[PDB]
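One file, structure-v1.cif, carrying mmCIF, C-alpha atoms:
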```cif
data_upload
loop_
_atom_site.label_atom_id
_atom_site.label_comp_id
_atom_site.auth_asym_id
_atom_site.auth_seq_id
_atom_site.Cartn_x
_atom_site.Cartn_y
_atom_site.Cartn_z
CA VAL I 15 22.31 -6.66 -49.59
CA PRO I 16 25.56 -7.05 -51.60
CA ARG I 17 27.31 -3.71 -52.10
CA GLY I 18 26.59 -2.31 -55.60
CA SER I 19 23.21 -4.08 -55.74
CA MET I 20 21.06 -0.99 -55.81
CA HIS I 21 23.18 -0.30 -58.92
CA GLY I 22 22.18 -3.31 -61.03
CA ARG I 23 20.81 -2.65 -64.51
CA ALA I 24 17.57 -4.64 -64.05
CA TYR I 25 16.96 -3.15 -60.61
CA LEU I 26 17.37 0.43 -61.87
CA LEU I 27 15.13 -0.18 -64.88
CA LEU I 28 12.43 -1.72 -62.71
CA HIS I 29 12.88 1.09 -60.21
CA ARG I 30 12.29 3.67 -62.90
CA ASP I 31 9.45 1.62 -64.41
CA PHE I 32 7.68 1.34 -61.05
CA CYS I 33 7.76 5.10 -60.49
CA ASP I 34 6.25 5.47 -63.97
CA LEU I 35 3.58 2.91 -63.27
CA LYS I 36 2.65 4.70 -60.11
CA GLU I 37 2.52 8.06 -61.88
CA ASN I 38 0.43 6.50 -64.68
CA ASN I 39 -2.16 5.34 -62.15
CA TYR I 40 -3.73 2.98 -64.67
CA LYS I 41 -7.32 2.07 -63.93
CA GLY I 42 -7.80 -1.68 -63.57
CA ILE I 43 -4.13 -2.50 -63.00
CA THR I 44 -2.28 -3.14 -59.75
CA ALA I 45 1.29 -4.34 -59.41
CA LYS I 46 3.40 -4.63 -56.33
CA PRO I 47 7.04 -5.71 -55.85
CA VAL I 48 6.97 -8.66 -53.52
CA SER I 49 10.76 -8.72 -52.97
CA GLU I 50 13.66 -6.36 -52.23
CA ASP I 51 15.06 -7.50 -55.56
CA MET I 52 12.18 -5.86 -57.34
CA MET I 53 12.35 -9.00 -59.41
CA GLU I 54 9.24 -10.66 -58.06
CA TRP I 55 5.82 -9.07 -58.62
CA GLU I 56 2.23 -9.70 -57.75
CA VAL I 57 -0.24 -8.37 -60.25
CA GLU I 58 -3.98 -8.08 -60.85
CA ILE I 59 -5.36 -7.01 -64.20
CA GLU I 60 -9.07 -6.39 -64.74
CA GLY I 61 -10.74 -8.02 -67.72
CA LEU I 62 -10.80 -5.79 -70.77
CA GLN I 63 -13.94 -3.86 -71.62
CA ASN I 64 -16.55 -5.49 -73.79
CA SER I 65 -14.61 -8.75 -73.63
CA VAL I 66 -15.51 -12.19 -72.36
CA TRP I 67 -13.58 -11.38 -69.17
CA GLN I 68 -15.51 -8.22 -68.40
CA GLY I 69 -15.76 -8.01 -64.63
CA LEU I 70 -13.07 -10.63 -64.14
CA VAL I 71 -9.52 -10.23 -62.79
CA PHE I 72 -6.28 -11.88 -63.92
CA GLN I 73 -4.11 -12.59 -60.88
CA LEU I 74 -0.53 -13.20 -61.97
CA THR I 75 3.04 -13.18 -60.75
CA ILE I 76 5.81 -11.68 -62.89
CA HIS I 77 9.37 -12.86 -62.39
CA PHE I 78 12.05 -10.65 -63.89
CA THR I 79 15.71 -11.69 -64.12
CA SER I 80 19.00 -9.77 -63.78
CA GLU I 81 18.99 -9.82 -67.60
CA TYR I 82 15.88 -7.67 -67.68
CA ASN I 83 15.20 -5.48 -70.60
CA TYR I 84 17.45 -7.78 -72.64
CA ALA I 85 15.05 -10.58 -71.66
CA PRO I 86 11.29 -10.82 -70.93
CA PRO I 87 10.00 -11.52 -67.44
CA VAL I 88 8.31 -14.85 -66.79
CA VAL I 89 4.57 -14.44 -66.25
CA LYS I 90 2.46 -17.09 -64.59
CA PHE I 91 -1.14 -17.38 -63.52
CA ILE I 92 -1.32 -17.98 -59.78
CA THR I 93 -4.30 -20.29 -60.35
CA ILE I 94 -4.41 -22.01 -63.73
CA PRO I 95 -7.44 -20.44 -65.50
CA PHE I 96 -9.76 -21.96 -68.11
CA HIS I 97 -8.33 -19.92 -70.98
CA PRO I 98 -7.56 -20.69 -74.64
CA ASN I 99 -4.00 -19.34 -74.49
CA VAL I 100 -2.92 -20.19 -70.96
CA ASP I 101 -0.96 -23.41 -70.67
CA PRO I 102 -3.33 -25.62 -68.65
CA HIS I 103 -0.24 -27.34 -67.22
CA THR I 104 2.17 -24.40 -66.73
CA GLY I 105 -0.37 -21.67 -65.91
CA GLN I 106 1.74 -19.66 -68.28
CA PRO I 107 0.10 -17.43 -70.92
CA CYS I 108 1.17 -17.91 -74.56
CA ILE I 109 2.22 -14.41 -75.46
CA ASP I 110 4.53 -13.76 -78.37
CA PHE I 111 6.73 -11.03 -76.92
CA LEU I 112 7.18 -13.30 -73.96
CA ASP I 113 7.91 -16.57 -75.72
CA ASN I 114 9.31 -15.49 -79.02
CA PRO I 115 12.84 -13.98 -78.63
CA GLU I 116 12.38 -12.12 -81.91
CA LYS I 117 9.24 -10.56 -80.47
CA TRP I 118 10.77 -9.18 -77.30
CA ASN I 119 11.57 -5.48 -77.40
CA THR I 120 13.63 -3.46 -74.94
CA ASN I 121 10.93 -0.83 -75.20
CA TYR I 122 8.68 -3.08 -73.19
CA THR I 123 8.49 -1.52 -69.69
CA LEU I 124 6.54 -2.77 -66.65
CA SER I 125 3.64 -0.54 -67.85
CA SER I 126 3.75 -1.85 -71.43
CA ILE I 127 3.77 -5.42 -70.31
CA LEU I 128 0.82 -4.79 -68.03
CA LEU I 129 -1.31 -2.99 -70.65
CA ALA I 130 -0.33 -5.46 -73.35
CA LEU I 131 -1.24 -8.39 -71.05
CA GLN I 132 -4.63 -6.87 -70.35
CA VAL I 133 -5.54 -6.60 -74.01
CA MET I 134 -4.08 -9.90 -75.11
CA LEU I 135 -5.45 -11.97 -72.27
CA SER I 136 -8.89 -10.48 -73.03
CA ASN I 137 -8.64 -11.45 -76.70
CA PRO I 138 -7.60 -15.07 -77.19
CA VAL I 139 -5.84 -16.29 -80.33
CA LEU I 140 -8.31 -18.98 -81.33
CA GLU I 141 -5.87 -19.76 -84.16
CA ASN I 142 -3.97 -22.49 -82.41
CA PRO I 143 -4.87 -22.51 -78.70
CA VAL I 144 -3.01 -24.38 -76.03
CA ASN I 145 -6.34 -25.04 -74.27
CA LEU I 146 -8.62 -26.69 -76.85
CA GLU I 147 -11.74 -27.16 -74.73
CA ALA I 148 -11.63 -23.57 -73.59
CA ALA I 149 -11.33 -22.27 -77.17
CA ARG I 150 -13.98 -24.64 -78.46
CA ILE I 151 -16.52 -23.55 -75.80
CA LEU I 152 -15.59 -19.93 -76.33
CA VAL I 153 -16.24 -20.15 -80.06
CA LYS I 154 -19.79 -21.45 -79.73
CA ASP I 155 -21.85 -19.80 -77.01
CA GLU I 156 -19.51 -17.28 -75.40
CA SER I 157 -22.24 -17.01 -72.74
CA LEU I 158 -21.68 -20.55 -71.54
CA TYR I 159 -17.97 -19.86 -71.59
CA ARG I 160 -18.53 -16.96 -69.19
CA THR I 161 -20.70 -19.12 -66.97
CA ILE I 162 -17.78 -21.49 -66.64
CA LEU I 163 -15.40 -18.66 -65.80
CA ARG I 164 -17.71 -17.47 -62.99
CA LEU I 165 -17.86 -21.05 -61.75
CA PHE I 166 -14.05 -21.04 -61.65
CA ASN I 167 -14.08 -17.91 -59.52
#
```
Output the structure of this file as structure tokens.
Amino acid sequence: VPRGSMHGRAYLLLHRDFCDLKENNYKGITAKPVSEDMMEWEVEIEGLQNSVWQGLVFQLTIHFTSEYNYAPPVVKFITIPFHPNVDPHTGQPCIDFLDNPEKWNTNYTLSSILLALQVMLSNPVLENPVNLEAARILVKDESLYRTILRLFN
């Protein structure tokens, strides 16, 4: 690797963040660097408690950039899920602090992002969903909604 690499801002921040994540040993959350860069991650987040996704698992990839901490990583669903806020075409979750520049915060660490994702992805913003059918079905008969999720698993 290029000399001075192990000295990049993003790399050092993610390095620190990962040690923290490991120390935190958060139940229901797994994240592993899938590159020497520490830029590419593979993550699994269990469905929040007492939520429609109880018992389910969000399998995502998180791509950070050398701008990290000044910029949000890019999160994508490995397999496009039937979800009110996940772009059915991009597999990307509509999350404010991820899509709205004014919402990003340099206080967001790998841990924050993971816990925030868990809560948000388990509590859709029916307001103005990207996936209409998913939201619609969710609204009426959340039991059917679940049935569909299981079918998608």
message: Using the chain letters and numbers from this file, what does the PyMOL selection byres ((chain I and resi 40-52) around 10) select? Give the answer as a PyMOL selection string.
response: chain I and resi 15+19-20+22+24-29+32+35-39+53-62+71-80+124-125+128-129+132
Within 12 Å of residue 67 of chain I using all atoms listed in the file, minus same-chain residues under 3 positions, as a short mmCIF file (atom, residue, chain, number, x, y, z; two decimals) with C-alpha atoms, keeping the file's coordinate frame:
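To be explicit, this is the file written out as part-v4.cif:
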```cif
data_model
loop_
_atom_site.label_atom_id
_atom_site.label_comp_id
_atom_site.auth_asym_id
_atom_site.auth_seq_id
_atom_site.Cartn_x
_atom_site.Cartn_y
_atom_site.Cartn_z
CA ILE I 59 -5.36 -7.01 -64.20
CA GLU I 60 -9.07 -6.39 -64.74
CA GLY I 61 -10.74 -8.02 -67.72
CA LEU I 62 -10.80 -5.79 -70.77
CA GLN I 63 -13.94 -3.86 -71.62
CA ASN I 64 -16.55 -5.49 -73.79
CA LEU I 70 -13.07 -10.63 -64.14
CA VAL I 71 -9.52 -10.23 -62.79
CA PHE I 72 -6.28 -11.88 -63.92
CA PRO I 95 -7.44 -20.44 -65.50
CA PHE I 96 -9.76 -21.96 -68.11
CA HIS I 97 -8.33 -19.92 -70.98
CA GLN I 132 -4.63 -6.87 -70.35
CA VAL I 133 -5.54 -6.60 -74.01
CA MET I 134 -4.08 -9.90 -75.11
CA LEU I 135 -5.45 -11.97 -72.27
CA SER I 136 -8.89 -10.48 -73.03
CA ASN I 137 -8.64 -11.45 -76.70
CA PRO I 138 -7.60 -15.07 -77.19
CA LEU I 152 -15.59 -19.93 -76.33
CA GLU I 156 -19.51 -17.28 -75.40
CA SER I 157 -22.24 -17.01 -72.74
CA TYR I 159 -17.97 -19.86 -71.59
CA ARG I 160 -18.53 -16.96 -69.19
CA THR I 161 -20.70 -19.12 -66.97
CA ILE I 162 -17.78 -21.49 -66.64
CA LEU I 163 -15.40 -18.66 -65.80
CA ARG I 164 -17.71 -17.47 -62.99
CA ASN I 167 -14.08 -17.91 -59.52
#
```
- prompt: Just how far from atom CA of residue 94 of chain I is atom CA of residue 130 of chain I, in Å to one decimal?
  reply: 19.6 Å
What are the closest atom pairs, with distances in Å to one decimal, for each residue of segment 24-94 of chain I lying within 7 Å of segment 104-113 of chain I, using all atoms listed in the file, rows by chain and rising residue number, as a Markdown table?
```
| residue | atom | partner | partner_atom | distance |
| --- | --- | --- | --- | --- |
| I:86 | CA | I:112 | CA | 5.7 |
| I:89 | CA | I:106 | CA | 6.3 |
| I:90 | CA | I:106 | CA | 4.6 |
| I:91 | CA | I:105 | CA | 5.0 |
| I:93 | CA | I:105 | CA | 6.9 |
| I:94 | CA | I:105 | CA | 4.6 |
```
query: With only C-alpha atoms as the basis for distance, which of I:166, I:100, I:140, I:126 is at the shortest distance from residue 154 of chain I?
result: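 Ranking I:166, I:100, I:140, I:126 by distance to residue 154 of chain I, first place goes to I:140.
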- line: Nearest to residue 142 of chain I, restricted to all atoms listed in the file and choosing among I:98, I:30, I:21, I:127, comes out as I:98
message: Quick check, in Å to one decimal: how far apart do atom CA of residue 23 of chain I and atom CA of residue 87 of chain I lie?
response: 14.3 Å
Between atom CA of residue 101 of chain I and atom CA of residue 120 of chain I, distance in Å (one decimal):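 One can read the atom CA of residue 101 of chain I to atom CA of residue 120 of chain I distance as 25.1 Å.
Among the candidates I:18, I:115, I:143, I:69, the residue lying nearest to residue 84 of chain I is I:115 (atoms considered: all atoms listed in the file).
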Kindly compute an axis-aligned box around the listed atoms of segment 152-163 of chain I, allowing 8 Å on each side, and express its centre and edge lengths in Å to one decimal as AutoDock Vina command-line options.
```
--center_x -18.8 --center_y -19.2 --center_z -72.9 --size_x 22.8 --size_y 20.5 --size_z 30.3
```
message: Which residue is closest to residue 146 of chain I? Choose from I:122, I:81, I:102, I:117 and count all atoms listed in the file.
response: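 Closest to residue 146 of chain I, using all atoms listed in the file: I:102.
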